[PDB]
Structure formats: C-alpha cells, structure tokens
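Enquirer: One structure is given below, represented as structure tokens, and several questions about it will come after.
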Amino acid sequence: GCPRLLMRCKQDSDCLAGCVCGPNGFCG
C-alpha cells in the first residue's frame with residue numbers, strides 16, 4: 001500500500017513501494 005503525508009522526495013523510491021515523487025515536493 002501507499003500512505004500519504006508531508007514527506008519530501010527526490011526520487012520515486014523515496015517513499016514506500018507503491019508511491020512516486022509527488023510533482024510538487026512531497027510524495028504522491
């Protein structure tokens with residue numbers, strides 16, 4: 001599964017397996 005919260009990203013893998021780097025700053 002893919003949660004959601006203010007978690008800054010730089011790459012897809014940044015977040016938990018399922019999410020992508022949300023085009024804004026934080027995961028999406």
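Labels used: A, B, ... for chains in the order of the structure tokens, numbers from 1 for residues in each chain, and numbers from 1 for ligands as shown.
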Residues within 7 Å of range 11-19 of chain A, please, as a ChimeraX atom specification. Count only C-alpha atoms; anything in the same chain fewer than 2 positions from it doesn't count.
Expert: /A:1-2,9,21,27-28
Enquirer: For the residues selected in the previous step, produce a file with C-alpha atoms as a PDB file, in the first residue's frame.
Expert:
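Ended up saving to part17.pdb:
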ATOM      1  CA  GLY A   1       0.000   0.000   0.000  1.00  0.00           C
ATOM      2  CA  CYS A   2       0.969   3.681  -0.336  1.00  0.00           C
ATOM      3  CA  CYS A   9      11.024  13.300  -2.096  1.00  0.00           C
ATOM      4  CA  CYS A  21       7.646  11.531  -6.060  1.00  0.00           C
ATOM      5  CA  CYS A  27       5.400  12.108  -2.307  1.00  0.00           C
ATOM      6  CA  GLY A  28       2.209  11.379  -4.268  1.00  0.00           C
TER       7      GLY A  28
END
